[PDB]
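Undergrad: Provided herewith is a single structure, encoded as structure tokens, for subsequent inquiry.
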Amino acid sequence: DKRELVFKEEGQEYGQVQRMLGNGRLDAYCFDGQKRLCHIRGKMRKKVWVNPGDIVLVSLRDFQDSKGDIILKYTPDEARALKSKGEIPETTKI
């Protein structure tokens, strides 16, 4: 069946991809109100497309809050599940 829906934990935030920057980076608007310039991991890049509007789980960096690391990308269905469960705002464009 379907993979378990991963929720954010301490030191992580949900985000929505704003734009791709290349050199394996993207700008994400995170739902704690912070824009973060995020590293995309090689393994992820190979298996999935990451595009503007995608919902992502972001690992924070203690010393650089303007930066982060993409742990995972949510599928559209998973993103709607997050919304239905109140994890991201109801008005988020999926």
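Note on naming: chains are A, B, ... as they come in the structure tokens, residues start from 1 per chain, ligands start from 1 in the order shown.
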Neighbours of residue A:32 within 9 Å (only C-alpha atoms; same-chain residues fewer than 3 positions away dropped), as number ranges by chain?
TA: A: 13-15, 29, 35
Undergrad: I'd like to know which of A:36, A:61, A:2, A:43 is closest to residue A:16, using only C-alpha atoms.
TA: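 Selected residue with least distance to residue A:16: A:36.
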Undergrad: Closest to residue A:78 among A:60, A:28, A:20, A:5, using only C-alpha atoms?
TA: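 Under the stated criterion, the closest residue is A:5.
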Undergrad: With DSSP run on the backbone, what are the strand (DSSP E or B) residues within chain A? I'd like them as a compact mmCIF listing (two decimals) with C-alpha atoms, in the first residue's frame.
TA:
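Output file states_38.txt follows:
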# COMPACT_ATOMS: atom_id res chain seq x y z
CA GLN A 12 12.17 20.88 10.23
CA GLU A 13 9.48 23.00 8.51
CA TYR A 14 7.11 22.49 5.58
CA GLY A 15 7.84 24.61 2.55
CA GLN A 16 6.63 25.34 -0.95
CA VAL A 17 9.16 25.61 -3.76
CA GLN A 18 9.29 29.12 -5.27
CA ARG A 19 11.97 28.68 -7.92
CA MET A 20 14.88 26.46 -8.98
CA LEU A 21 18.31 28.14 -8.76
CA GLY A 22 20.58 25.44 -10.22
CA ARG A 25 19.54 24.73 -4.97
CA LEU A 26 16.00 26.14 -4.73
CA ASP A 27 14.20 28.98 -2.94
CA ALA A 28 11.42 27.74 -0.66
CA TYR A 29 8.79 29.69 1.26
CA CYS A 30 8.57 27.83 4.60
CA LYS A 35 12.27 32.05 2.91
CA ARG A 36 15.13 29.55 2.79
CA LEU A 37 17.73 28.85 0.12
CA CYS A 38 17.83 25.04 0.17
CA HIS A 39 20.32 22.37 -0.95
CA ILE A 55 5.57 20.87 -1.17
CA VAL A 56 8.77 19.85 0.55
CA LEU A 57 10.04 18.99 4.04
CA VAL A 58 12.97 21.30 4.92
CA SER A 59 15.68 20.57 7.51
CA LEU A 60 16.76 23.82 9.21
CA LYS A 67 19.35 28.27 4.47
CA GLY A 68 18.15 24.69 4.61
CA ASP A 69 18.23 21.17 3.20
CA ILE A 70 15.41 19.41 1.35
CA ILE A 71 14.78 16.06 3.03
CA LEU A 72 11.78 15.02 0.97
CA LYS A 73 9.23 16.04 -1.63
Undergrad: Could you give me, as a PyMOL selection string, the residues within 9 Å of residue A:82, counting only C-alpha atoms and dropping anything in the same chain fewer than 5 positions from it?
TA: chain A and resi 5+7+77+87-89
Undergrad: Can you list, as a list in words, every residue of stretch 34-67 of chain A that DSSP puts in helix (DSSP H, G or I)?
TA: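 Helix (DSSP H, G or I) members of stretch 34-67 of chain A, listed: residues 42, 43, 44, 45, 46 and 47 of chain A.
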Undergrad: Please report the interatomic distance between atom CA of residue A:49 and atom CA of residue A:90 in Å with one decimal.
TA: 24.1 Å
Undergrad: Which is closest to residue A:92 among A:31, A:66, A:9, A:51, if we use only C-alpha atoms?
TA: A:31
Undergrad: Using Å and a single decimal, report how far atom CA of residue A:79 sits from atom CA of residue A:91.
TA: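 Calculated distance between atom CA of residue A:91 and atom CA of residue A:79 is 12.0 Å.
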Undergrad: Could you check the closest approach to residue A:62 for each of A:74, A:1, A:34, A:11 and tell me which residue wins, using only C-alpha atoms?
TA: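 With only C-alpha atoms as the atom set, the closest residue is A:11.
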Undergrad: Tell me, in Å to one decimal, how far atom CA of residue A:63 is from atom CA of residue A:86.
TA: 29.1 Å
